[PDB]
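Peer 1: Just need the structure, nothing else, for what follows:
(chains A, B and C)
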Amino acid sequence: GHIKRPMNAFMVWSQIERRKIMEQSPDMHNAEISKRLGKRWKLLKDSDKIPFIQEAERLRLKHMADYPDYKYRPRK
DNA sequence: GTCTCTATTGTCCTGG
DNA sequence: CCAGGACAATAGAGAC
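Peer 2: Numbering: from 1, shown residues only, chains lettered A, B, ... in the order given. Below you will find the coordinate block:
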């Protein structure tokens, strides 16, 4: 089948925030949510971002362990 | 009912 | 070795 690629620090911080938006603005389109996420991301000071970089890190290590060999080969 | 596009950041792959 | 891309989450919008 098709194995997904790991979530980076931003994508991890994205899920959490997106929910808090999806629960507050249930009908706001996700494309616009992405726009606002990208902006809030630039607001969060660098220091605050560490926890997610570490979080995202283990996410990748586990990824290899679970999927011994998967080449990220996307193409058009 | 079924796909494809919409958008963000970060990260890996390819062509030149 | 750099630019340009695909793609991870997410559901709706639009074509068909």
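Peer 1: ok, the residue nearest the centre of chain A - contacts?
Peer 2: Geometric centre of chain A, nearest residue: residue A:11, 1.0 Å, by CA atoms, centre = their mean. Counting by CB atoms under 8 Å, 6 or more residues apart in numbering, residue A:11 touches residue A:56. Quick note: C-beta positions are derived from backbone N, CA and C, even for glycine.
Peer 1: That one: helix or strand, and which one exactly?
Peer 2: Applying DSSP states H and E as the criterion places residue A:11 in helix A:9-22.
Peer 1: shouldn't residue A:7 be in contact with residue A:56?
Peer 2: Yes - here residue A:7 reaches residue A:56: they are 6.2 Å apart, a contact under CB atoms under 8 Å.
Peer 1: Is there any residue in the helix holding residue A:11 that contacts DNA strand B?
Peer 2: Yes - applying CB under 7 Å from any atom of the strand, one finds helix A:9-22 touching DNA strand B at A:9, A:10, A:11, A:14.
Peer 1: Next secondary structure after that helix?
Peer 2: Counting by DSSP H and E, what follows helix A:9-22 is helix A:30-43.
Peer 1: Distance of residue A:54 relative to residue A:42?
Peer 2: Distance, residue A:54 to residue A:42, using CB to CB, to the nearest Å: 20 Å.
Peer 1: Looking at those two, which one has more neighbours?
Peer 2: A count of neighbours by other CB atoms under 10 Å puts residue A:54 above the other of residue A:54 and residue A:42, at 12 against 6.
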